[PDB]
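Comments concern the structure below.
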Amino acid sequence: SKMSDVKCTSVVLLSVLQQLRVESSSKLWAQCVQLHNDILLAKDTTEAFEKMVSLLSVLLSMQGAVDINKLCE
Amino acid sequence: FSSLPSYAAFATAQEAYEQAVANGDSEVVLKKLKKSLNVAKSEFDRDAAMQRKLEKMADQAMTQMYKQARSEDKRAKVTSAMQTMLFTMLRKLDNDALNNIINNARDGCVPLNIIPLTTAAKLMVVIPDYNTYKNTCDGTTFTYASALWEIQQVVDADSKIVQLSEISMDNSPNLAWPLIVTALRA
Amino acid sequence: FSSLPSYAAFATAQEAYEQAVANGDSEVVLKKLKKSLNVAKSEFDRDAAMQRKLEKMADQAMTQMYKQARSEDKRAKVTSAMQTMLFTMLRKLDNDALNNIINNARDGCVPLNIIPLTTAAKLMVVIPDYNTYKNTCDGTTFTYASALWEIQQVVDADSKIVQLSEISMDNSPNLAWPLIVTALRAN
Amino acid sequence: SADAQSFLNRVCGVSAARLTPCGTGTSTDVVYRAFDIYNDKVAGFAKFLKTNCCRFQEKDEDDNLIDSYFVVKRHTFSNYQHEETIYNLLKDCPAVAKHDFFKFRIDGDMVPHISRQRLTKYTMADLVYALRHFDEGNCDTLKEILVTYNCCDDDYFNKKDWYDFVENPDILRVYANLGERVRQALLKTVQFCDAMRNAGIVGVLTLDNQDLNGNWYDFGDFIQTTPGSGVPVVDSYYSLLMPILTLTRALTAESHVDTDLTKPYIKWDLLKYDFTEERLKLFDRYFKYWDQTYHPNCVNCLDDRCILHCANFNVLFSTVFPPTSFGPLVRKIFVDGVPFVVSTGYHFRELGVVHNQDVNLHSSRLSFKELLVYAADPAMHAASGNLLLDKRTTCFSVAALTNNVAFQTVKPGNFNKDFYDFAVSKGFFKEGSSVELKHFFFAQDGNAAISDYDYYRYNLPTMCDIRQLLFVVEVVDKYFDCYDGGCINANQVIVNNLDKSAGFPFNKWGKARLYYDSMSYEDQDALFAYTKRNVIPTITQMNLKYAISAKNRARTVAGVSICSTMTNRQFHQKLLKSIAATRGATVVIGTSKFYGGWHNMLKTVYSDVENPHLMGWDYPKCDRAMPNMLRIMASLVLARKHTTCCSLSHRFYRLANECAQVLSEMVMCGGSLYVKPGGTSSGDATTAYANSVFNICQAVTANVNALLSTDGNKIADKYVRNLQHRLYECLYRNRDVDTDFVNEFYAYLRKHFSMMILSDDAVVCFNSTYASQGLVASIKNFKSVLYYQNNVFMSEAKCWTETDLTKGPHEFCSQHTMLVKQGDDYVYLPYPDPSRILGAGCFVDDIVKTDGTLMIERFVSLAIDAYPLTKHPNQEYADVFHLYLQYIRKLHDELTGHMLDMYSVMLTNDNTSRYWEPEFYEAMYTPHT
RNA sequence: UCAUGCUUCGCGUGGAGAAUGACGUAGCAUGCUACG
RNA sequence: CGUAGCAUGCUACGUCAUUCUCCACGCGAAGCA
Ligand SMILES: Nc1nc2c(ncn2[C@@H]2O[C@H](COP(=O)(O)OP(=O)(O)OP(=O)(O)O)[C@@H](O)[C@H]2O)c(=O)[nH]1
Ligand SMILES: Nc1nc2c(ncn2[C@@H]2O[C@H](COP(=O)(O)OP(=O)(O)OP(=O)(O)O)[C@@H](O)[C@H]2O)c(=O)[nH]1
Ligand SMILES: *P(=O)(O)OC[C@@H]1C[C@@H](O)[C@H](n2ccc(=O)[nH]c2=O)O1
Ligand SMILES: [Mg+2]
Ligand SMILES: [Mg+2]
Ligand SMILES: [Mg+2]
Ligand SMILES: [Zn+2]
Ligand SMILES: [Zn+2]
């Protein structure tokens with residue numbers, strides 16, 4: 001519904017980040033892992049969505065990694 | 001199961017027997033007909049096993065080739081197939097903050113650090129044009145991720161501090177874009 | 001099979017039977033010739049069964065001998081590899097310190113855990129946070145295991161060089177912990 | 001107050017110390033105290049109500065109440081004279097409480113009174129009982145003892161769980177604040193025994209006749225003998241006291257100069273490894289009148305009972321010595337003229353010093369077997385490595401084998417979106433639904449393996465009650481009497497999968513197949529014969545698991561080197577197979593749940609108990625927290641099958657190999673060597689079968705403690721009272737094994753305490769009436785045993801009870817039980833958590849497994865596991881199975897379409913249609929085959 | 001990138017048994033011809 | 001009644017060919033505890 005869509009999306013977001021070689025930055029990878037695991041173990045949806053905002057900011061920060069215009073066409 | 005030469009004999013031989021019972025001829029004729037029919041049936045049933053084995057081997061080969069091709073295709077396009085899935089699912093969620101930040105990123109207004117969640121929050125964002133600046137900023141309040149932030153410092157593209165009064169309609173060309181804006185969560 | 005002479009007898013019997021059938025012989029000769037064909041075919045099949053059995057038996061021993069000959073090669077390879085590994089480690093250890101401490105043993109036996117402590121020339125320290133660094137390896141020289149160690153390198157969890165000036169309480173949040181410190185035994 | 005005040009004045013007794021009646025003047029005071037009792041009628045260690053003593057509390061000049069009590073008792077006129085005489089004999093000993101004997105007029109005639117002066121409120125028996133029968137629901141004696149001696153403050157216990165060893169590891173410091181008092185008590189006990197021996201007195205010492213200052217009183221059962229032939233009896237005293245010695249760290253002062261806690265530590269010689277003289281000195285200092293021979297080195301022991309007896313004392317005494325002296329002992333040999341450093345012995349914490357019997361100085365050449373032995377040896381690897389100081393763990397770090405530290409992360413799972421979309425379209429995952437996703441792949445960062453390894457901080461040195469353990473082991477060996485074991489040849493061994501890792505350093509040259517092929521059967525037999533005279537230390541690798549879970553933990557398993565596994569198989573596999581091939585036993589390893597096996601197992605455990613109730617548990621972090629003594633016990637129980645193939649020396653060396661390989665060996669974690677404190681290495685050859693031995697050992701201990709702490713005077717049945725009396729005798733008064741009583745007690749347990757054991761999982765069917773009357777163990781007895789013998793607090797989340805047998809156990813091997821009609825009769829079926837099956841469907845560990853068209857047989861197994869959910873009263877549970885069948889059909893349709901598109905030939909497979917119909921899966925739970 | 005247990009699926013080798021077909025040796029029974 | 005010859009019916013053994021049921025191992029893929 002809505003709480004199951006957030007967790008399945010966080011899994012895929014962390015998979016995408018792991019392909020962009022974020023593990024090379026230990027400090028950033030630790031934060032991403034913490035956000036992902038805290039979303040998986042969540043009971044309230046507002047907490048999950050705020051953590052998703054935080055986790056997606058990681059992808060949007062590294063601008064050259066992906067092009068949003070083609071992906072959001 | 002026709003199309004085999006052996007069958008073309010067997011059936012024909014069988015035909016004789018089908019007629020033979022009607023004739024009711026001497027016993028020896030019946031026995032020789034039975035022998036011929038059994039020989040033809042044995043030939044056909046020995047030849048059918050060969051075609052069955054060939055068909056099973058062909059099916060095995062087809063399945064293995066399909067599996068190898070599909071595995072290679074799945075592994076090859078793993079990076080491109082995941083970003084599309086991610087953005088499809090993000091569109092499905094249709095959240096407000098997520099849509100806000102993605103629409104901003106499409107215009108180049110991207111964050112420099114991880115968007116914090118606490119009141120004592122440090123945010124740094126890049127504003128690459130005046131239109132986007134006026135769309136997101138008005139006075140000393142910054143709207144991003146469906147929250148409100150207080151602007152602290154607006155560093156020019158050459159690291160020189162910019163006063164919020166300078167950024168206006170006619171000073172878009174004078175300043176060096178993109179600007180970097182520092183804000184604290186309100 | 002074709003090579004085996006029994007095929008010749010079978011072919012001769014079949015040819016004789018076919019010729020007699022064409023010649024329209026009386027009948028008893030035809031019965032004798034079909035008997036000859038039946039017995040010849042039975043004998044030919046009996047020999048072909050043995051031929052196929054021998055073929056399979058011969059084919060199933062080449063695999064065994066190839067497997068054994070390959071296993072012997074792999075055994076030789078691993079033997080050489082283990083020997084080379086053992087002999088390389090012989091020259092990676094400082095002989096003077098080991099001899100000095102192992103001559104002081106009452107019977108020649110020493111605990112293993114005290115070998116790197118008293119003999120090793122390089123020390124590696126893994127520091128998880130700044131308080132541990134302050135309490136453990138502060139400065140360019142520290143003391144550990146009753147020896148004096150001079151710091152020669154510091155790197156972070158990403159294997160990037162870190163300068164000793166960067167290691168401060170206020171700058172700690174900007175470092176990728178843990179830090180790995182490499183030092184050499186002094187004097 | 002004429003009568004009640006002139007009594008207090010005389011009780012003061014020329015000491016003139018501020019007395020204040022605790023009671024009501026001249027009347028007796030009632031207390032509820034722990035006693036160690038054994039007479040012709042009763043025997044046990046329980047709490048009794050005593051009403052024979054008046055108590056007066058002393059106070060200070062400032063009118064403050066202090067911990068000094070005068071205890072005045074009245075008794076017969078003959079006991080009065082007897083005690084007076086014995087006291088006059090022992091008066092001068094400084095370990096004797098000061099007595100005063102007088103006579104007072106109570107009503108109209110003289111009554112003789114014995115007054116003990118300046119005693120503590122509680123005794124040593126109270127402390128032992130409080131710590132060995134711990135109940136967080138009511139621990140008032142324990143709290144008062146902790147607060148009276150400045151171990152902690154009264155507001156310490158307002159913390160949510162101050163008692164848990166894992167949630168509050170600071171409780172160990174509070175308990176360690178009691179060590180010096182217990183040490184002083186031991187010293188005074190030795191003084192008292194010397195006084196008894198020199199004065200010629202014979203008697204039994206009990207914990208309840210000594211206070212917490214270490215002073216002794218009573219003397220009512222002491223006989224008089226020749227003035228040099230006294231005989232103290234101290235067996236139950238020491239044995240009951242033993243578990244508290246390692247919990248309070250009593251002997252810590254032995255690490256200081258002059259055994260003084262203010263002076264600095266002792267600095268030992270770094271090259272010293274033989275502490276036999278020190279061990280003997282410690283034994284003579286504390287356990288002087290313990291009258292069974294102590295062997296510091298267990299290679300000199302007479303049997304496995306002797307090995308346990310002496311390894312217990314070794315465990316105690318090893319806490320005083322430097323940690324750097326334990327482990328492999330190395331020596332310089334010459335091979336063909338080049339010098340090597342190799343292991344020629346081993347210093348164990350429990351077994352003492354061991355030396356190899358085949359040490360070849362000045363060799364000429366090494367064969368394949370010698371190369372294997374020297375390569376697996378940690379000596380060469382550690383000698384040439386760098387020094388390491390890892391501050392991320394409290395574990396002892398040995399060396400670093402590289403110039404870099406390795407950090408390894410755990411990646412997330414792969415999302416199978418097609419199955420998730422299908423399930424959503426079928427109506428799953430809606431808000432407010434009973435079936436929701438709970439099992440995921442949790443990702444970890446680069447400090448994961450080291451953290452899971454550091455969880456070994458929960459393993460602590462634990463000294464046991466040796467007299468109790470020596471009976472429990474005999475009873476535990478009865479559960480393993482239907483099996484057969486012994487050594488087999490190298491060609492009789494069965495290796496299930498040869499494509500596994502061979503361990504460090506062998507994993508850099510090939511798999512286990514390489515080494516099983518390179519070695520001939522003669523080489524393998526030669527290695528096995530070698531391990532019966534020599535010790536081979538081994539390096540173990542720590543490998544992270546990648547599995548789906550509902551918890552955030554990341555588990556590590558132990559990859560043991562092939563040198564250890566190869567010989568351990570040859571030593572244990574026959575017994576392992578015999579256990580796994582048996583039906584109807586307590587251990588249910590090797591029994592399948594399909595084709596009616598679950599129903600058979602439940603009907604076998606139910607047995608014919610009288611007032612049945614079910615209970616069960618699951619150990620928390622079983623391998624990390626397991627004591628070393630119990631692991632050695634489990635190893636010794638399994639080797640009792642080798643009574644004809646091996647001698648005592650061979651069996652000791654097999655034990656030493658196992659201990660040096662999977663109990664305290666070197667561990668490689670990220671290119672570095674650490675020393676494992678103890679526990680079990682999950683990944684050795686006998687892990688699942690040793691877990692079962694440990695489990696039933698803990699259960700038998702719980703039952704013994706339940707029966708021996710019951711008031712024997714209030715047991716109605718004469719059979720059970722006689723059983724308790726005999727149990728106490730066989731534990732603390734009998735030295736040799738009594739086989740008849742072991743048979744009797746085993747039959748009692750089988751009759752009233754039926755068990756079903758699988759590794760660290762257990763289901764018990766027990767007689768509720770006996771358990772309520774204290775005749776068999778309960779869940780609380782089990783919790784007490786685990787607290788004082790395992791160093792873990794078991795919470796109510798890991799244990800369960802069930803008063804209705806028609807609904808089966810709550811859980812067992814992650815399965816729930818359902819009683820369903822199957823044809824004509826009712827049977828028990830296992831079903832899983834629906835979330836587990838759905839999560840396995842949705843999240844996978846490989847990208848190619850997200851294409852179901854390649855993995856149709858993958859979903860058939862999940863549907864097999866999910867079939868029993870169709871019979872659940874909840875409808876979503878039933879819908880999971882139908883969802884799986886429909887998806888299987890959809891996958892087959894898609895596969896046929898793809899085959900016909902890519903190629904142009906139909907597959908012609910009219911056999912798969914059985915996989916999306918429920919008959920194929922129903923046949924898997926029917927007793928037909 | 002471990003130890004164990006259970007289960008499903010596919011391929012192969014071999015042993016035992018079941019059914020069917022062709023052919024052979026021997027034994028018994030019935031029918032016809034020549035001779036004693 | 002015996003010798004020789006031919007025809008049919010039945011029984012025993014042997015030999016291969018074809019299909020099917022169970023089992024013992026081998027090899028590969030997967031699931032669960
Ligand atoms: N130290 C101590 N023990 C006490 C006190 N009050 C009661 N007791 C108990 O009473 C006992 C003292 O009396 P004992 O001399 O042991 O007499 P007993 O062992 O009860 O002997 P009987 O009663 O004759 O069977 C101790 O063992 C304690 O358990 C007290 O204030 N201090
Ligand atoms: N060798 C090996 N042993 C395992 C594995 N999984 C479980 N075990 C054994 O089974 C024992 C009990 O397993 P669990 O109950 O899951 O694990 P645990 O360590 O007790 O953890 P919790 O009970 O969940 O706190 C463990 O201690 C292991 O020894 C495995 O994958 N490999
Ligand atoms: P399930 O509830 O996963 O575990 C039940 C029991 C615990 C453990 O001793 C044993 N087990 C489980 C999983 C595994 O891979 N190996 C293993 O020995 O079964
Ligand atoms: Mg007493
Ligand atoms: Mg557990
Ligand atoms: Mg378990
Ligand atoms: Zn001994
Ligand atoms: Zn043996």
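For the numbers below, each heavy atom of this structure counts, side chains included, while hydrogens, waters and symmetry mates do not. Below, read A as the first sequence line, B as the second, and so on, with proteins coming before strands; counting in each chain starts at 1.
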Would you kindly give the CZ-to-P distance between D:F920 and E:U8, to the nearest whole Å? 8 Å
E:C23 with F:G14: Watson-Crick or G-U wobble pair, both contacts under 3.5 Å? no
D:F594: partners by ring-ring contact (aromatic ring centres under 6.0 Å, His included), with sequence neighbours left out: D:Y925
Nearest-neighbour nucleotide for the D:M924 side chain, E:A22, E:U4, E:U7 considered: E:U7
Set out, line by line, the N/O atom pairs under 3.5 Å between protein and nucleotides 11-15 of chain E.
residue	atom	partner	partner atom	Å
E:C11	OP1	B:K56	NZ	3.1
E:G12	OP1	B:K53	NZ	3.2
E:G14	OP1	C:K56	NZ	3.0

What nucleotide among F:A33, E:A3, E:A22 has an atom nearest to a side-chain atom of D:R569? E:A3
Where each residue is assigned the nucleotide of RNA chain E containing its nearest heavy atom, which of D:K511 and D:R914 is assigned the position nearer the 5′ end? D:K511
Let's see if you can work this out: which of E:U7, F:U15, E:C2 has an atom nearest to the side-chain heavy atoms of C:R46? F:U15
Against the side chain of D:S501, the closest entry in E:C9, E:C2, E:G21 is E:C2
Residue-phosphate contact under 4.0 Å: B:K67 side-chain N/O, F:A29 OP1/OP2: no
Using the side-chain heavy atoms of D:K500, tell me which of these nucleotides is nearest: E:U7, E:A3, F:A30. E:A3
Decide yes or no for D:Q661 and D:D684: does some side-chain heavy atom of the first lie under 4.5 Å from some side-chain heavy atom of the second? no
What are the two closest non-hydrogen atoms of D:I837 and D:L862, and how far apart are they? CG2-O, 4.1 Å
Taking for each residue the nucleotide of RNA chain F with the nearest heavy atom, is it D:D761 or D:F859 whose nucleotide lies nearer the 5' end? D:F859
Whom does E:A3 pair with, Watson-Crick or G-U wobble, provided both distances fall under 3.5 Å? none
Can you tell me if D:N543 touches the phosphate of E:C2, counting only side-chain N or O atoms and a distance under 4.0 Å to OP1 or OP2? no
Return the residues of residues 840-848 of chain D meeting this criterion: a heavy atom under 4.0 Å from some atom of RNA chain F. Order them by number, or give none. D:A840
Would D:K551 pass as a cation-pi partner of D:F442, given that its NZ or CZ must be under 6.0 Å from the six-membered ring centre and within 45 degrees of the axis? no
Please give, in whole Å, the distance from E:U1 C1' to D:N497 CG? 13 Å
Between the side chains of D:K676 and D:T540, is a donor N or O closer than 3.5 angstrom to an acceptor N or O? no
Does any non-hydrogen side-chain atom of D:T604 lie less than 4.5 Å from one of D:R583? no
Whole Å only: how far is the CG atom of B:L30 from the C1' atom of F:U8? 14 Å
From the set F:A29, E:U4, E:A22, return the single nucleotide nearest to any side-chain atom of D:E857. F:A29
What's the CG-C1' distance between D:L758 and E:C6, to the nearest Å? 11 Å
E:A18: pairing nucleotide in any strand, Watson-Crick or G-U under 3.5 angstrom: F:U19
Does E:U8 have OP1 or OP2 under 4.0 Å away from a side-chain N or O of D:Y595? yes
Any side-chain N or O of B:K35 under 4.0 Å from OP1/OP2 of E:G21? no
Any base atoms under 4.0 Å from B:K31, or only sugar-phosphate, or nothing? Heavy atoms, all strands. nothing
Only one of D:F419, D:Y921, D:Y867, D:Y915 clears ring-ring contact (aromatic ring centres under 6.0 Å, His included) with D:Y884; which? D:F419
Rounding to a whole Å, what distance do you find between B:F10:CZ and E:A22:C1'? 15 Å
When every non-hydrogen atom of D:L869 is compared with those of D:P832, the smallest separation belongs to CD2-O, 4.1 Å
Would you mind telling me which residue lines up with the more 5' stretch of RNA chain E, C:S42 or D:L576, judged by nearest nucleotide? D:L576
So if I take every side-chain heavy atom of C:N38 and compare against E:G21, E:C2, E:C23, which nucleotide ends up nearest? E:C23
Output yes when at least one side-chain N/O atom of D:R858 is less than 4.0 Å from OP1 or OP2 of F:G31, else no. yes
Going by distance alone, is a donor N or O of one side chain under 3.5 Å from an acceptor N or O of the other, for D:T680 and D:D623? no
F:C32 phosphate, OP1 or OP2: any side-chain N/O from D:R836 under 4.0 angstrom? yes
Closest heavy-atom pair, D:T538 versus D:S561, reported as atoms and distance to 0.1 Å, is CG2-OG, 2.9 Å
Side-chain H-bond candidate by donor/acceptor type, C:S6 with C:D47, under 3.5 Å: no
Which nucleotide in F:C32, E:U8, E:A3 has an atom nearest any side-chain atom of D:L862: F:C32
